[PDB]
Structure formats: C-alpha cells, structure tokens
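Okay, structure first, notes after.
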Amino acid sequence: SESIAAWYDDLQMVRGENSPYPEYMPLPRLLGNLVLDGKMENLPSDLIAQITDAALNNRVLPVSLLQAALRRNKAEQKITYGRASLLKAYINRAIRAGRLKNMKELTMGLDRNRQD
Amino acid sequence: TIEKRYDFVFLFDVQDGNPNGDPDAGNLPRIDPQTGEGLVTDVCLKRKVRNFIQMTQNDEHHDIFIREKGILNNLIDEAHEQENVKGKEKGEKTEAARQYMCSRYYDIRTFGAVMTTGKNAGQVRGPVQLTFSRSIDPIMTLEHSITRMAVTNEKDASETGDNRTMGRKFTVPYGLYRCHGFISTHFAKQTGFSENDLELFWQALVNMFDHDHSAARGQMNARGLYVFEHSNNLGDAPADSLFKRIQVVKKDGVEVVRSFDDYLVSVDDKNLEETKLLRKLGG
Amino acid sequence: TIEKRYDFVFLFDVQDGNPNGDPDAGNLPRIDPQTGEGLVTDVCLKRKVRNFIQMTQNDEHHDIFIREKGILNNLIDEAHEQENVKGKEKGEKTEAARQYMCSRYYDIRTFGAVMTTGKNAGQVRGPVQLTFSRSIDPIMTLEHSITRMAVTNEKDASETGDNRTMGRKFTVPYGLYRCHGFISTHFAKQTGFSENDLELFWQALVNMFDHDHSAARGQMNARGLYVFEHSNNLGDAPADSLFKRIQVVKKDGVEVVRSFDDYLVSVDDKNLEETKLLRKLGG
Amino acid sequence: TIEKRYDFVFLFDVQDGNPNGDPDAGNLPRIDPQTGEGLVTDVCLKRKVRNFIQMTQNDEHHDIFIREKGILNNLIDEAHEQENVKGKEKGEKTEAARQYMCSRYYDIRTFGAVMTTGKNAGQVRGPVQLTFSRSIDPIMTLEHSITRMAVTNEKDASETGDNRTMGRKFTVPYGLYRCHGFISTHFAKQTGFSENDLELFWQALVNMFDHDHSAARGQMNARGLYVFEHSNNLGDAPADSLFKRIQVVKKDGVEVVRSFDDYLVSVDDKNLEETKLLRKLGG
Amino acid sequence: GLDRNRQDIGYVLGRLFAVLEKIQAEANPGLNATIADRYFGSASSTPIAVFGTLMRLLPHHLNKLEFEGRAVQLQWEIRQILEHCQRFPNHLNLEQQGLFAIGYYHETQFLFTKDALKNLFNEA
Amino acid sequence: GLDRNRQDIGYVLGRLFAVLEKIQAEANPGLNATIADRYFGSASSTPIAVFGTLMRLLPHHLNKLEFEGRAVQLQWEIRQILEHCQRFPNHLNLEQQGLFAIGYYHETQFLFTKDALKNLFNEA
Amino acid sequence: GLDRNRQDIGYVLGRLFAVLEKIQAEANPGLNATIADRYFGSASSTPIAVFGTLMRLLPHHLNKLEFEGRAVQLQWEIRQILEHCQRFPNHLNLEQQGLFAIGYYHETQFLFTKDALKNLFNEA
DNA sequence: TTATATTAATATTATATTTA
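Protein chains in written order, with PDB author numbering: chain H, 351 to 466; chain C, 2 to 284; chain A, 2 to 284; chain D, 2 to 284; chain J, 2 to 125; chain I, 2 to 125; chain G, 2 to 125.
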C-alpha cells in the first residue's frame, strides 16, 4: 500500500463538513475531472493507463495532468475537488521528484503562507 | 483556385471599444499580457469576414457555416445528402464532402473548418489564415463601468424598487491591431478558393468593421490592407521579411496612441519587386 | 426594415454639467485618460434615446426595457406568452421571442438587447450602434463642491448644531462630445428596425437632451447630427473616411472651450456625394 | 400635473455679495476658471427656491425636504409610514413613498430628490432642472478682507492687545448670473408637479432673492425670468436655441458691470412664436 | 508584505489609494460608499481621473478624522507614498494595473497592522 | 521625492499650495480649517480662483509666523516655486490636476523633512 | 523665473509691488507691517486703491534707503516695471489677480538673487 | 456542499536672501 497510500496522501485535499467528495477520491471519478465530460476519453496512454501506473507505483504523475487538470479548471471554469486534489498530487510528486524545484510540497489545507 | 500566394498585413484599429473580449478575462479585450499589447483572435477577424460575406453575398457558393442556430453537423450532414450520398465510398466520401463544404461555404473555402464531426465532412485547412492581431502598442483597456437602470430575473431585483445592474463595458481607447495573414495557394487548391473568393476576402477585410459594430466594438476600422502577392505559388520572399516592410510605429512624439493619426504606417515597397507585387488594398 | 446604412457623427455638448456620470468608478465626467477628453458611453446616449422614446411614443411597438421597475427577464418572459407560448420549438422559440421584443421594444429594434437572460429570448445586434462619445477637446471637469442643508442618514455623523452633507457636483464647464454611430441595415433586418424607427432615432438624438435634463448633467444639447446615408445596405465608403468629413476643432484662437461657438464643426460633403447623402439633421 | 414643457432663462444678479461661495474655493463665488465668469450652482438657486417655498407655504403638499434639522432619511422613513406602511409590496413601496414625497414635498415635486437612501423612497428626477447659473461676464470677486472685533475660539492668538479673527467676506461687486432651467412635463407626471406648483416655482424664482438675504450674499435680485412655454410635452424648439433668444450682454460702453443697467437683456421672441410663448416673468 | 520603496507607479498609487480610503474610513467609519466603492475602478486604471479629486477630497477627510494626530499619521504616509509618485499616470499600465490592487491591499494591511503606521511615522 | 525644478504647472502649484498651508499651519498651528481644508479643492482644479486669494492671505500668515526668520524661510521657497509658475492656470489640466496633489504632498514632505528648507535656503 | 517684459498688467503690478516692498524692507528692514502686510491684499486686487498711495509712499522709502545708490537701483527697476504699466487697473482681472502674486514673488526673487538688480541696472 | 458579520485609528516641521 505504500504506493497507493502515497497516492492517496499526495492526493489528499481539503474537504469541509458534509463534503460530497470521498476522503480518498476514486481514480475513475478523479480522472473524470480531467475528461471532456465523462471518464472514457482521458487518453488511454498518457492518462488513465499512466496515472494509474503513476499511482500504483508512486511515480511522478505525468505533465499531462497539469495540462489536463488545468485544461478542465479553466474549461469547466471551476476547480472540482479531483482537479485540485489531482493537481495537488501532481505538484507534490513533481516537488518530490525534483521536477518543480523551488516550490515546496502542497498540504491538505490551505497554506496561509506559500508565497507562490 | 488562386495561383499566387499572398501575405497581407491587415492593420485595423479600435477607437473606443472592445475589439475582441477575452472570455477568459471577463470580456476585457484580449491582451498580450507581458507586453500589454492587445490581441484580436484570428477567429475574430475570420468571424467578421464571415459576417461580411454572410451580409453581402447572400447566395450559394458563399455560405458561412453559420450564425447561432448553426448546428454545424447539420450543414455537414447536408454535405452527405448530395451527389456523394453513397457514390463516394466512405473513404473519399469525406473528401467529396470537403469539396462540397468548400464549394457552398465561403467560410470553409476561404478559412478552413473542422468539419470532421457529423457525417464526417473532412477537414479543410483553409487558404486564408489570419494570425492573431497584436496591437502595435499596449492597448490601455479602459473598462468603462456603465449602468443599467434595469435588472434581469426577479432574483437580482432590488429589495426596493430600484433595479439596476451596472455591469462593465471594456473599451480600448485606441489600439492599432496588426493582423498578419497568409493566403496559401497549396490549400486554395484543396478548397477551390479562387481569386473571386480572394477579392471577396479583400473586400471583406477592408469592410469587415464598417458592418460588424457593437456597443462592445465601439468603432473599429481597417486602417490598411497591404497584400504581398508573390509571383509563384511558392513564396518569392520570406513572409516576415515582407511583414517587416509594413513597419507600424507610434509617431514621433505620442506618449501612447489615441487614433490612427498617432501611428505612422511606413510601407517599404522599395525592393520587394524582385518578382513580387505589393498592392495597398486597404491603406 | 431600413435599406440604407447610416453612419452618423452625433456631436453633443454639455454647457455646464455632468455629461455621462462618470465611470461609476469615480464620478467625475467620464474621461479618456491620456487626452483628458471626456467620454460619454454609447449606453448613456442610448439611454437618452430610450428616455426620449419612452416619453414620446408611450406606445406598444415602442416600449423600452424601462427604468427602475425594469426587471428585464419580466419583459422577456412576457415575450414567451405570445403566439410563441411554447409552440415555437425552443430553437426558433427564442427567435420568435426576439422578433416579438424587437417589434414591441423600440429599444431593442434600435439598440440591441442581451435578452438571452430569462426565458432566453435571443440577442439583438441593435442596428443603431452609437460609440463612446469622446469630447473634441479635453473636458476641464470642474468638480464643484456643493453642500446640502440636510444630512441624509441619521448616522453617528449627523452632528448637533448642523446637518450638512457637503457632497460634490462634478460638471464639465463645456465639452463637445462626438458620438460616431453606425446604423447597420443587415442588423435592422434582424429586428425590423424601420425607416420610421430610424426617423424616431434621429428625432431622439436631436431632441433627447432637451428632455433628459438633470441637476447632475446640467445643460446638454445636440450640437450636430451629421448622418451619412449610404446608397446601399453595404458601406458606400469606409465609415471613418466619412467621419473625417465631420471634423470638429476648437475655433481659431480659443485655448479652452466654453460653448459651441468655441468649436468649428467643419463639414465637407464634397465627394461623399458619390453615393452618400450627408443629411445634417442636428446642425 | 403640467402639460407644457418650459425652459426658462433665469437671470438673477448679485449686487454686493457672495452669490454662491465655492466650498472648494473658500467662500469665493464659484467662478468659471477659463473665463472668470461666476457660477451659481444648480442647487444654490434650487435651495433659494426651497427656502422661499418654506417661507410662503407652511402647509402640507408644500413641505421642503428641509433645512438644518433635515435628516433626509427621517423624512423618507416618514413616507414609509403612510398609506403605504405595508400595503405597497416593496417593489412599489418605494414608488408609493416616492409619490408621497411628490405630493408632500414641493421640493421633490419641483426639483428631484435622491431618496434611495432611507427606507428607499425612490429617486425623483424632478421636472424643474436649473443649470449652473453662469454669470454673464467675469465676476470681479472682490475678496473683502473684513475684521471681526471678537475672536471665535480661545485660539493661538486670543492674546493681550485685542481679540480679532478678521477673515474675508467675498463679494461679487456685481454679477448678472444666467441660470438655465428646464421643466419637463415627462417628469412632472412622474412627480405630480402641478401647474400650481409651477406658479409657485415662478413666484419662487422672482421672489426668492428678496428673502434669502445674507451678509454673505448681500443684495441679490431675480433680474429676469424669461420662460419659454412650449405647447407640447415635447419641445417646439431646441432648449439652447431658445436660450440664445435671451442674450445678455454688457451695455454700450461699460468696461465692467456695477449694476443691472450695465446689462442689456435682449429677448428675441421674433420667431419663437412658432407655437412657443416667451413670457417674461421677472423682466 | 509592503514594499514602501517600490517606486512602481501602480504600486505607489495603490498604496496611496489604500491610505486615502483608510482616511475616508477613519473620517466617517460608517460610510456607505468608500472611495473603494466609488473611485477604485478608475483609480486602479485611470489615476488622473480620480486621484485629482481624491485629493480635493483628502484634506476634508483629514479634518473629519476625530483624532487630530491620526490625521498627521495618515497624511505623512500619503506624502511617503507620493514621493514615489512623480505624476499620476494617465492610464495605469497593465502591470501597474495589477500592482495598484497590490498596493491597495499591501498598504491597507500596513494600515490595519496595529502599530505599523504609528511606529513607522515615529521613525521620521 | 520632490522635483524642485519640475516646471509642471500643476506640480509647482501643488508645491506652492503645500508651502502656503505650511505657513498657515505655522502661522497658527491650532487651525480648524487650513487652506487645505477650505481652498485645496479648487487650488487643485481652479488655481486662479484661490491662488490669488491665497496670496492676499499669505503675507498675513508670514506676519503671524512666530519665528520671523521662518517667514523668510518659507517665503523664499514660495518664490522658488513661483519662478516655475509663469501664471496661475485658469483650470489645471488633468495631468496637472493630479500633479497638484503630487506637489502638495511632495512639498509638504520637503517642508516636514527636518532640515530641508532651512538647509536648501542656506544654499541661496 | 521672471519675465521682465511680460506686459501682463497683473504681472507687472506684482513686480512693482515686489520692488515697492523691497524698498520698504530696505528702507527700514526692521518693519512690523511691510506693504505686503498692509497693502498686498488690494494691491493684488484693487491696484488703483493702494498703488497710488504706494507711490506717495515710495520716494520716502527711497530716501530712507541707507545706500543712496541702492535707491537708484530700485527706482530704476520700478521704472522698468512701470513702462509695462500703462495704467494701474481699477480691478485686477482674475488671471491678473494671480499674476500679481506671480509678479510679487518673481520680482522678489529677482531682487533677492544676489547680483541681478545691480547687474541688470548696469546694462542700462 | 460548505459560509455568511468591522482590523486600524492620537502631530511630521518650525529661526533673515538681497541691499555701491
């Protein structure tokens, strides 16, 4: 579990009370925040088939999440938990891989700091 | 089809208005942020040329692939209800559909169109490719807060009788946007885009702002259309070595512009005549 | 519908008053920053026209999208209670509602309306498109501090020995705003904006300042309405080359303007006679 | 209400006094910078009208929206405690309160009143709009530095020799200010501004300067009130073309004005009789 | 988070507007439409439009300030800001467009941090 | 942050008004309505309106100045300012509108910087 | 910053009053109420009122000037000013209202610039 | 889906140029 734990701990994101979002958010429903409108068109080679490999193995989430999650952020004009959480996972693992050098890893909570 | 390749510099300005609002940015005009210079999407001018052709032509072979109730797959499926319903063998059915959509729709014949969508009508590149229009100088988007003495649905109606929804009207107090464009001959061969369709496009570029007026545009004009018509189907000269002939600068002592009379548009047709024409269609 | 494309310079001055209150982001006369030239939003003059039509017509087929009690979605959902109750098949239901409130609202026929709000009733392009009226010379806004002998709120600061609420009455000592406007026949096809609607619009531009008077705006007048009636639906000549005909300058030696007698409105109808009619309606 | 649109050139004069002190410029009479011509605010004359009506009426239907102890929200809340305490359905509760004002307050019937403040009592435009009354020729503000032989406070110099707080009594040595006023029936019918109310306004203009006498403004006189009565709700002539009929100029060879006899008020009713009536109430 | 010596005309004007509204909101704290609510839209974009009128309007707020020394406190930092403002720019640059909002909220923080203005004044 | 040789008529008038109020506020420091509180609104916009009266009013403040040499100090910089003022403009330009407030607070800083006027006078 | 040939009657009268007070303040430098302190208010507005009396009063200051050649120095520039004054205007125009204060301080600078009057006299 | 009530607030500076 140390790779799925790290997947669901890099993916941890804030939830209020009675948040309709699961504590650990399912990958298909998580990747469904990257998809056009429903999770089947998320690219079965750099995405659903590679996020899972980047999740099952604690590898670095592909840039195609920033790219896709950002695409949906400004395309759905909102950041669903699942795009915030998935971006938190990407950026946390980009930091941890030294792929995002200066930045420091995100936390669950709002960082009333972070200067970024 | 056309047998010359054209590279045109289309200087068009906005005097008091939103040339092309950025939906990403409220509706405030598109701007090259790190230089503040305004932007007007290529699709914006292609749209106003579409509006111009839809305005003037009013005839088949120059339709526009069109306005709001313009479900594009409806037009595309009209293509597949043609001489090529079955007789064109799905492989080249889409190619015959391209040839149709190019024949009927001047939008498609002139600009391209992604029509691979319904009863797939192929994928037209479009000989005419306007670029983005980056204003010569930073547009100083004014963002004129306005008022309305009326509201919308009686959910934003005031708890008193005083309904009002001030809202915002972004205007460029002046911006001389400069749109580089390319009439590529190789794709004119694909779409059948002819010198008649091209003269239609030049008229459209010159007159596309006299007709597409909004409370948003305020006043936009076509300050110049310098068309570099190459001798070859190929390019006689590199396109940007031409576009640098149309050097548009703010004049000598203007802190920032407020009219076309604040820009000097120096056209350098000195040596391009190597084999090649420059026709000042708009300016 | 109209069949000739009018492009009009509508010069209007403000003798001493706040022409267009101001940006609402501020309330000192709406200025162009760089030039200091006053601005009057196109919507301000459109509202002067709307108020003029509202007082004058007081008629069906000339309603307005009215003042305070003006929940617009009320007037839009009212359009969905006609021949197009629902039998107009939402696609063209909004178009039928759009035609209904074009016909009904002189506002919408003349100037557009974003009616896509309530029971969505289409958007109207508004044949008549005034632009931001920008004063010929920098308005030298006076910003007269006035007083009130009466405090408004029973606040903490409504003190013992006097209730005063100084307040400020911004005023343009004089400014000859210039409103280029465009009447597009193509978009008057989409509203039924008629030659009579357009004569009402001219009557409005001429007479609408004599009726929309206020303490804030002082005295404000239609100093000129030089319309260019193109011979055809298209543009007989580029709009700005026509608005350059109505060249307004300060007179010979007036450093600052105090009245319309401080403004040479030079007008040359020399070559527009080609196919334009320079109808000098307002002056 | 009233059925004729009026436009009145109200010439008044200040003999030796501060016609309208500028709070921005001490108590100096408001000057027009560019020409030195004195300005009397919209609201200076409007307040003289209010004070006259306060004097002469002392009844309901002519309350004044009033002086020092004039918390306006108090009067506005008093409107919401009427026949419309709860029966008027907040949307039109403000309209009913606005009508209660435009019944009670000759102020609000005649001049508008911004009453959107308290329990919102609407927003009255008020028919009679007086413009900034600009003096005919440059007021030579005389900046009379006066002495007072008693200090006000125990200030930094209430010392041995004497107590003195000189200060200045700015006086226009004479200035024939020229207010322009517009009475629009279209806003009378909104505020119930009656013809009797208009006669109160005329008596008010011609007599308000016999009563708002002050040490500050010395002697002030309604020196002429030339009212153009259009036949219609709409105006027979443009308001300014009417106001140019009352042209006021220095007399034959007066370098500067020290009396009304230095001013020639030439009315021009030769052609206004189209259907209008120039009627000289004050001169 | 306030660069008191930024010299970025947008940022110094934002700071200036922040102190202007601080004075207005200390002149009469019960205020329907502060200059943020009525002037900010152009102060951020057309500083010449308002900032002239904002300082017609400023000495009167300084008068209305109940604590007469607080008026000196705030006027002093208006001057501290305006040393960095050689001119109210006609139209704020887009960089400066944003830096005006930056300045408004930076200087607003600096004013609503407890001792900052009263301290920083006393080192002058 | 004071361009003593700016020549921008708005800026020189702002400087002039700053020194005028400095004198008024040194004439009698306990002052209900300084010329900022009563004249600034038009001094910033209509300099001809007040600035005539501001200098009816100026020699009397120079008299009321307790330190008779301080009167020379401030009158000297009034003259230094007014060399740059060939005329009180009828209406301050909008650029100049803002530059008047700039001048008021620039010159007010220059006056409330400790030794500046007394120094800068001694280099004349 | 002095247009010695301005011809603006307000400006030439301001210059004239500046030299008049220069003479008064060189006649007896220890002076409670210079003509700025007693006459300027109307000299700036009603030049006929004082400027008649200012020149009853002028030859006596020229006498009281300790350096008898300094009297010629200052009287010469009074004449230089008064060439531009065809008449003391009844009431100074408002433009001229302000230009009088301009002239007072321009010519006062010209007099308190070290060698200016003694030089400029020697080119006559 | 949720949440939804006011921080900060008391004085800078302040003494004479020019005068054959």
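Backbone N, C-alpha and C fix where the C-beta goes; we use that ideal spot for every residue, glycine too.
- In this structure, the CA atom of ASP108/C is about 27 Å from the CA atom of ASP241/A.
- About 12 Å separates the beta carbon of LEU21/I from that of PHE89/I, a gap too long to meet the 8 Å contact definition.
- Scanning the stretch 63 to 88 of chain C for uninterrupted alpha helix (DSSP H) segments of 4 residues or longer gives 73 to 81, listed from N- to C-terminal end.
- Beta-carbon to beta-carbon, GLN400/H and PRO412/H are separated by about 6 Å, close enough to satisfy the 8 Å threshold.
- Here the alpha carbons of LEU32/J and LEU59/J stand approximately 15 Å from one another.
- Excluding its 5 nearest sequence neighbours in each direction, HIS145/C has C-beta neighbours in its own chain below 6 Å: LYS170, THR172, listed in chain order.
- In the three-state scheme derived from DSSP, where H, G and I count as helix and E and B as strand, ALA125/G is classed as coil.
- Close partners of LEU75/G in chain D (Cβ separation under 7 Å) are lacking, with about 28 Å as the shortest Cβ gap.
- Runs of the alpha helix (DSSP H) spanning 4 or more residues and lying entirely within the stretch 80 to 139 of chain C occur at 91 to 105, 107 to 111, in chain order.
- Non-local beta-carbon contacts of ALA19/I in its own chain, meaning distances under 6 Å to residues more than five positions away in sequence, involve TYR105, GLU108, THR109 in chain order.
- If you look at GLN220/A, you'll find it in the beta strand (DSSP E) that goes 220 to 230.
- Boundaries of the beta strand (DSSP E) around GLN248/A: 247 to 251.
- At a Cβ-Cβ threshold of 9 Å, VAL50/A and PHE112/A count as neighbours.
- The contact set of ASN121/A on chain C, defined by CB atoms closer than 8 Å, is empty, because the minimum CB distance reaches about 11 Å.
- For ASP38/J and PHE188/D, the gap between their C-alpha atoms comes out near 30 Å.
- If you draw a straight line from the Cα of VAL115/A to the Cα of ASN74/A, it comes to about 10 Å.
- Interface criterion not met: the Cβ of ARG105/D is under 9 Å from no Cβ in chain A.
- Between the alpha carbons of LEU100/G and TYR12/G lies a distance of about 5 Å.
- In this structure, the beta-carbon distance from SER215/D to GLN16/D does not fall below 9 Å.
- Where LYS281/C is concerned, there is no enclosing alpha helix (DSSP H), although the beta strand (DSSP E) around it starts and stops at 278 to 281.
- Put simply, the CB of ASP198/C is far from chain D, with every gap to its CB atoms at 9 Å or more.
- The DSSP-derived three-state label of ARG5/I is coil.
- The beta carbon of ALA102/G is closer than 7 Å to those of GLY15, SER45 in its chain, skipping five residues each way along the sequence.
- Shown here, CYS180/C sits in a strand according to DSSP, grouped into three states.
- With respect to the 9 Å criterion, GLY18/C and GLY168/C are not classified as neighbours on the basis of their beta carbons.
- Inside the stretch 32 to 66 of chain A, DSSP marks whole alpha helix (DSSP H) runs of 4 or more residues at positions 43 to 57, from first to last along the chain.
- The CB of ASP38/I comes closer than 8 Å to the CB of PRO60, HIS61, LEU63, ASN64 in chain J, given here in chain order.
- By a beta-carbon distance limit of 8 Å, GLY182/D contacts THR132/D. Their separation comes to about 7 Å.
- Contact annotation for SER260/C against chain J: no contact, minimum CB-CB distance about 15 Å [criterion: below 8 Å].
- When CB distances to chain A are screened at a threshold of 9 Å, the residues of the stretch 10 to 43 of chain I falling below it are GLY42, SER43, in chain order.
- Straight-line measurement puts the Cα of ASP4/I at about 11 Å from the Cα of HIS85/I.
- Closer than 9 Å to the CB of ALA72/J there is not a single CB belonging to chain A.
- For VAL73/I, the enclosing alpha helix (DSSP H) stretches over residues 69 to 83.
- A residue is called buried when at least 16 other Cβ atoms come within 10 angstroms of its Cβ; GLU200/D does not meet this threshold and is exposed.
- The contact set of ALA102/I on chain J, defined by CB atoms closer than 7 Å, consists of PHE52, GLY53, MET56 in chain order.
- In this structure, the CA atom of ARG6/D is about 6 Å from the CA atom of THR186/D.
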